[PDB]
Amino acid sequence: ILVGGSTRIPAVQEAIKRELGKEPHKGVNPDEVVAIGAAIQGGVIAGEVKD
Amino acid sequence: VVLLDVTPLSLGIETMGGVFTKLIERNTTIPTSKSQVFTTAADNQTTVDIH
């Protein structure tokens, strides 16, 4: 994955996947990526009641 | 013929976390269908599972 808005960098990126498996995951806008996750799991937490 | 003139069991579904209400009873001539409409467990049910 990736996070950390400073992470969008030429050399970090270039220098990672190569020492690693496939292409680093993208497009989720890192500086919020985490907050995004939060909200998702919250949405789910409200979506409990199925009766 | 006049066969499969009976229903194996009372069929109903999952209310209020499992409380079971009948629509179909037992003994019922098989070529039939009964219909009923429930509503929301709780405000804003984004989705409903059926059991």
Inset, instruction - Hey, can you tell me all the residues within the range B:10-50 that are acidic (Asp, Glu) and more than 8 Å from chain A (Cβ to nearest Cβ)? - result: B:25, B:43
Inset, instruction - Find all pairs meeting these conditions: Cβ atoms under 7 angstrom apart; at least six residues apart or on different chains; first residue within the range B:6-35 and on the phi > 0 side of the Ramachandran plot; second residue in a loop (DSSP other than H, G, I, E, B) and surrounded by 12 or more Cβ atoms within 10 Å (Cβ to Cβ). - result: B:16/A:51; B:17/A:51; B:27/B:7
Inset, instruction - Report yes if some residue within the range A:40-51 is within 15 Å of the chain's Cα centre (by Cα) and closer than 30 Å to residue B:40 by Cβ; otherwise report no. - result: yes
Legend entry - Matching residues in the range B:8-41 - criterion: being assigned to a loop (DSSP other than H, G, I, E, B) and either in contact with a strand residue (DSSP E or B) (Cβ under 7 Å, 6 or more places away or on another chain) or within 19 Å of residue A:51 (Cβ to Cβ) (or both): B:10, B:34, B:36, B:37, B:38, B:39, B:40, B:41
Inset, instruction - Would you please name the residue that is surrounded by the most Cβ atoms within 10 Å (Cβ to Cβ), looking only at residues in the range A:24-49 that are within 14 Å of another protein chain (Cβ to nearest Cβ) and outside any helix (DSSP H, G or I)? - result: A:49
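As a convention, Cβ positions derive from the backbone with ideal geometry for all residues, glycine included, and neighbour counts pool all protein chains shown. Values quoted throughout were computed directly from the atomic coordinates according to the rules given, and no laboratory measurement underlies them.
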